[PDB]
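Worksheet for the structure shown next.
No value in this document is a laboratory result; all are computed from the given coordinates. Note: ideal-geometry Cβ built from the backbone for every residue, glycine included; neighbour counts use all protein chains shown.
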Amino acid sequence: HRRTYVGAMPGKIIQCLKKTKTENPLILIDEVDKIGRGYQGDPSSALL
Amino acid sequence: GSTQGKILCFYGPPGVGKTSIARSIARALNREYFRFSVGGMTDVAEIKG
Ligand SMILES: Nc1ncnc2c1ncn2[C@@H]1O[C@H](COP(=O)(O)OP(=O)(O)O)[C@@H](O)[C@H]1O
């Protein structure tokens, strides 16, 4: 989130980068096929 | 005299090389480049905040 919203925390990716502590881990997106394409903001655009 | 703007459109079978010419022109004239996909959008706020 923007960090001006109440309760904002960084996106999932930053947590994985924080966790693996290397710049080049092996991210594994799982189960891409059934991603939720709704009116509330389609993540599938975000993946591009 | 001065610099001037203009709009243009390209069309043809996918993968003919369109975008590649875009960037090549951008380095030809020396103007700055910026891609902006808008496929499938409905959020006018994306165009206006
Ligand atoms: N005549 C050409 N000259 C240079 N590159 C070309 C030509 N025809 C096809 N290509 C290649 O085709 C690919 C896709 O071209 P581009 O127009 O940039 O994307 P799209 O074709 O999806 O619109 C590019 O990597 C480009 O190098």
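Would you confirm whether or not region A:2-14 contains a residue that is of a type outside the set (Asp, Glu) and within 14 Å of another protein chain (Cβ to nearest Cβ)? Spell out how you get there, then give the answer.
Step one: of region A:2-14, the residues of a type outside the set (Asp, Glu) are A:2-14.
Next, only the ones that are within 14 Å of another protein chain (Cβ to nearest Cβ) stay: A:2.
Yes, region A:2-14 contains a residue that is of a type outside the set (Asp, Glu) and within 14 Å of another protein chain (Cβ to nearest Cβ).
Test B:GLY40 against the criterion of being assigned to a loop (DSSP other than H, G, I, E, B) and either over 28 Å from A:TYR39 (Cβ atoms) or within 12 Å of the ligand (Cβ to nearest atom) (or both), and give yes or no. Give the derivation first.
Values: assigned to a loop (DSSP other than H, G, I, E, B): yes; either over 28 Å from A:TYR39 (Cβ atoms) or within 12 Å of the ligand (Cβ to nearest atom) (or both): no.
Against the criterion (assigned to a loop (DSSP other than H, G, I, E, B) and either over 28 Å from A:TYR39 (Cβ atoms) or within 12 Å of the ligand (Cβ to nearest atom) (or both)), B:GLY40 does not qualify.
Just need a number here: residues in chain B that are within 14 Å of chain A (Cβ to nearest Cβ), in contact with a helix residue (DSSP H, G or I) (Cβ under 9 Å, 6 or more places away or on another chain) and exposed (fewer than 10 other Cβ atoms within 10 Å of the Cβ).
5
Cβ-Cβ distance below 7 Å, separation of 6 or more or different chains: which pairs start in region A:19-48 with a residue that is closer than 24 Å to B:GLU46 by Cβ and end on one that is of a type in the set (A, V, I, L, M)?
What qualifies is A:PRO43/A:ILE35; A:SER44/A:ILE35.
Six or more apart or on different chains, Cβ under 9 Å: which pairs go from a residue in region B:31-42 that's farther than 8 Å from A:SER45 by Cβ to one that's among the acidic types (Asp, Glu)? Could you list them?
Once the first residue is farther than 8 Å from A:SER45 by Cβ and sits in region B:31-42, its partners that are among the acidic types (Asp, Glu) give B:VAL38/B:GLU46.
Scan region B:3-19 residue by residue and report those that are of a type outside the set (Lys, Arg) and farther than 17 Å from B:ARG31 by Cα. Walk me through how you get there before you give the answer.
So the first thing to find is which residues in region B:3-19 are of a type outside the set (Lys, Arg), and the list is B:3-5, B:7-17, B:19.
Hits for region B:3-19 are B:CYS9, B:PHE10, B:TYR11, B:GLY12, B:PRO13, B:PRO14, B:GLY15, B:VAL16, B:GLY17.
For region B:1-24, which residues satisfy the criterion of being closer than 17 Å to B:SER37 by Cα and near the ligand (Cβ under 6 Å from one of its atoms)? Spell out the reasoning first.
Residues of region B:1-24 closer than 17 Å to B:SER37 by Cα: B:7-11, B:14-15, B:17-23.
B:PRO14, B:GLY15, B:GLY17, B:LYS18, B:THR19, B:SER20, listed by residue number.
Can you pull out the residues in region A:25-45 that are within 11 Å of chain B (Cβ to nearest Cβ) and of a type in the set (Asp, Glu)?
Across region A:25-45, the qualifying residue is only A:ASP42.
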